[PDB]
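J.: Following this: a sequence and the matching experimental structure.
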Amino acid sequence: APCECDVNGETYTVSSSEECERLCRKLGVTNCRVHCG
């Protein structure tokens, strides 16, 4: 399955862990987690 990114406590799906990181940077939130299933 694709990779999942948890920002602010909410869970989103991203193609890559770096995409997660970038997304969190775009939102401007430090609370950001990642795990790829």
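T.: Yep, that arrived. Numbering: from 1, shown residues only.
J.: Let me know the helix or strand that residue 19 is in.
T.: Assigned by DSSP states H and E, residue 19 belongs to helix 17-27.
J.: In that helix, which residues are buried?
T.: The neighbour-count check on helix 17-27 (16 or more other C-beta atoms under 10 Å) flags 19, 20, 23, 24 as buried. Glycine gets a C-beta too; all of them are placed from N, C-alpha and C.
J.: how about the residues you listed, which pair is most distant?
T.: For these, the farthest-apart pair by C-beta to C-beta is 19 and 24; their separation is 9.8 Å.
J.: Mutual contacts of those two, please.
T.: residue 5 (C-beta atoms under 8 Å, 6 or more residues apart in numbering).
J.: before we move on, back to that, which one of the buried residues of helix 17-27 sits closest to residue 9?
T.: Distances from residue 9 to the buried residues of helix 17-27, taken by C-beta to C-beta, are shortest for residue 24, at 12.1 Å.
J.: residue contacts, the closest one?
T.: Contacts of residue 24 (C-beta under 8 Å, 6+ apart): 5, 7, 30, 32.
J.: rerun that using 6 Å as the cut-off
T.: 7, 32 (C-beta atoms under 6 Å, 6 or more residues apart in numbering).
J.: cool, residue 27 as well?
T.: Going by C-beta under 6 Å, 6+ apart, residue 27 touches residue 7.
J.: would CSV of the buried residues of helix 17-27 with distance to residue 1 be doable?
T.: As requested, those are exported to CSV (distance: C-beta to C-beta, whole Å):
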residue, distance to residue 1
19, 15
20, 14
23, 17
24, 20
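J.: Identify, from the residues you listed, the entry nearest to residue 37.
T.: The nearest member of the buried residues of helix 17-27 to residue 37, counting by C-beta to C-beta, is residue 20 at 12.6 Å.
J.: what's the burial count for the nearest residue to the closest one once chain neighbours are set aside?
T.: Nearest non-adjacent residue to residue 20, counting by C-beta to C-beta, 6 or more residues apart in numbering: residue 5, 3.3 Å away. Other residues within reach of residue 5, judged by other C-beta atoms under 10 Å, total 23.
J.: In terms of helix, strand or coil, where does residue 5 fall?
T.: Taken by DSSP: H, G, I helix; E, B strand; the rest coil, the conformation at residue 5 corresponds to strand.
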